[PDB]
>>> print(open('work24.txt').read())   # compact mmCIF, N, CA and C atoms
# COMPACT_ATOMS: atom_id res chain seq x y z
N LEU C 1 -11.38 5.76 -51.58
CA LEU C 1 -10.51 5.79 -52.80
C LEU C 1 -9.16 5.11 -52.51
N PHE C 2 -8.89 4.01 -53.16
CA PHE C 2 -7.59 3.30 -52.93
C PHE C 2 -6.44 4.06 -53.60
N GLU C 3 -5.23 3.85 -53.14
CA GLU C 3 -4.06 4.55 -53.75
C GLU C 3 -3.85 4.09 -55.20
N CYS C 4 -3.46 4.99 -56.07
CA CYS C 4 -3.25 4.62 -57.51
C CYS C 4 -1.88 3.97 -57.71
N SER C 5 -1.85 2.80 -58.30
CA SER C 5 -0.55 2.10 -58.54
C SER C 5 -0.01 2.44 -59.94
N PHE C 6 -0.88 2.60 -60.91
CA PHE C 6 -0.40 2.92 -62.30
C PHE C 6 -0.41 4.44 -62.55
N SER C 7 -0.59 5.25 -61.53
CA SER C 7 -0.60 6.73 -61.75
C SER C 7 -0.05 7.46 -60.51
N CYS C 8 1.03 8.19 -60.68
CA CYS C 8 1.62 8.93 -59.53
C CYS C 8 1.42 10.44 -59.71
N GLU C 9 1.40 10.92 -60.93
CA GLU C 9 1.21 12.39 -61.17
C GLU C 9 -0.28 12.76 -61.06
N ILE C 10 -1.13 12.07 -61.78
CA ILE C 10 -2.60 12.39 -61.73
C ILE C 10 -3.36 11.32 -60.94
N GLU C 11 -4.54 11.64 -60.48
CA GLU C 11 -5.35 10.65 -59.70
C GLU C 11 -6.27 9.86 -60.64
N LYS C 12 -5.77 9.45 -61.78
CA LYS C 12 -6.61 8.68 -62.75
C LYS C 12 -5.85 7.45 -63.24
N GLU C 13 -6.32 6.28 -62.90
CA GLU C 13 -5.63 5.02 -63.34
C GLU C 13 -6.05 4.65 -64.76
N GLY C 14 -7.31 4.80 -65.08
CA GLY C 14 -7.79 4.45 -66.45
C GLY C 14 -9.27 4.06 -66.39
N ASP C 15 -9.63 3.22 -65.45
CA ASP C 15 -11.06 2.79 -65.33
C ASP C 15 -11.74 3.51 -64.15
N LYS C 16 -11.06 3.65 -63.04
CA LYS C 16 -11.68 4.34 -61.86
C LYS C 16 -10.73 5.39 -61.28
N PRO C 17 -11.30 6.31 -60.52
CA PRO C 17 -10.50 7.39 -59.88
C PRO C 17 -9.67 6.82 -58.72
N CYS C 18 -8.62 7.51 -58.33
CA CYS C 18 -7.77 7.01 -57.21
C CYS C 18 -7.06 8.17 -56.49
N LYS C 19 -6.31 7.86 -55.47
CA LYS C 19 -5.58 8.93 -54.71
C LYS C 19 -4.13 9.03 -55.19
N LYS C 20 -3.40 10.02 -54.73
CA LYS C 20 -1.98 10.17 -55.17
C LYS C 20 -1.09 9.19 -54.38
N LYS C 21 -0.26 8.44 -55.07
CA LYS C 21 0.62 7.47 -54.37
C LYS C 21 2.01 8.07 -54.14
N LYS C 22 2.57 7.88 -52.98
CA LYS C 22 3.93 8.44 -52.70
C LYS C 22 5.00 7.41 -53.06
N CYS C 23 5.73 7.65 -54.12
CA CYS C 23 6.80 6.69 -54.53
C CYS C 23 8.01 6.81 -53.59
N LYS C 24 9.02 5.99 -53.78
CA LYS C 24 10.22 6.04 -52.90
C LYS C 24 10.97 7.38 -53.05
N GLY C 25 11.84 7.69 -52.12
CA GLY C 25 12.61 8.96 -52.18
C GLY C 25 13.61 8.91 -53.34
N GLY C 26 14.18 7.76 -53.62
CA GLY C 26 15.16 7.65 -54.74
C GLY C 26 14.44 7.30 -56.05
N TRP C 27 13.14 7.48 -56.11
CA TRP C 27 12.38 7.16 -57.36
C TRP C 27 11.74 8.44 -57.91
N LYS C 28 11.62 8.54 -59.21
CA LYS C 28 11.01 9.76 -59.82
C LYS C 28 9.68 9.41 -60.51
N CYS C 29 8.63 10.11 -60.18
CA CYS C 29 7.30 9.83 -60.82
C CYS C 29 7.21 10.54 -62.17
N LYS C 30 6.82 9.83 -63.20
CA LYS C 30 6.70 10.46 -64.56
C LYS C 30 5.22 10.74 -64.88
N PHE C 31 4.85 10.67 -66.14
CA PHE C 31 3.42 10.93 -66.52
C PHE C 31 2.48 9.97 -65.78
N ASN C 32 2.64 8.69 -65.99
CA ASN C 32 1.77 7.69 -65.30
C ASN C 32 2.60 6.45 -64.91
N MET C 33 3.86 6.63 -64.60
CA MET C 33 4.72 5.48 -64.21
C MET C 33 5.91 5.96 -63.37
N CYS C 34 6.15 5.33 -62.25
CA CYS C 34 7.29 5.76 -61.38
C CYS C 34 8.56 4.96 -61.73
N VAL C 35 9.64 5.65 -61.98
CA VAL C 35 10.92 4.95 -62.34
C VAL C 35 12.08 5.53 -61.51
N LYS C 36 13.09 4.74 -61.22
CA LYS C 36 14.25 5.25 -60.43
C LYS C 36 14.86 6.48 -61.10
N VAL C 37 15.26 7.46 -60.32
CA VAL C 37 15.86 8.70 -60.91
C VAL C 37 17.36 8.49 -61.20
>>> encode(input="work24.txt", output="structure tokens")
Amino acid sequence: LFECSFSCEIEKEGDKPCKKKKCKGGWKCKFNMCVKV
């Protein structure tokens, strides 16, 4: 299972399943998109 790029909260990108991706420390993960906090 490759890391999910379009999903940080859930392990679902849209077409296939994926793993949880660890965003940067100064970044905040939202529903399905990581943005700077």
>>> select_by_dssp(input="work24.txt", residues="chain C", states="strand (DSSP E)", output="PyMOL selection string")
chain C and resi 27-29+34-36
>>> atom_distance(input="work24.txt", atom1="CA of residue 3 (chain C)", atom2="CA of residue 37 (chain C)")
21.6 Å
>>> residues_around(input="work24.txt", residues="region 6-12 of chain C", least_positions_apart="6", cutoff="8 Å", atoms="all atoms listed in the file", output="list in words")
residues 18, 19, 20, 21, 22, 23, 29, 30, 31, 32, 33 and 34 of chain C
>>> atom_distance(input="work24.txt", atom1="atom C of residue 17 (chain C)", atom2="atom N of residue 1 (chain C)")
7.4 Å
>>> atom_distance(input="work24.txt", atom1="atom C of residue 26 (chain C)", atom2="atom C of residue 4 (chain C)")
16.7 Å
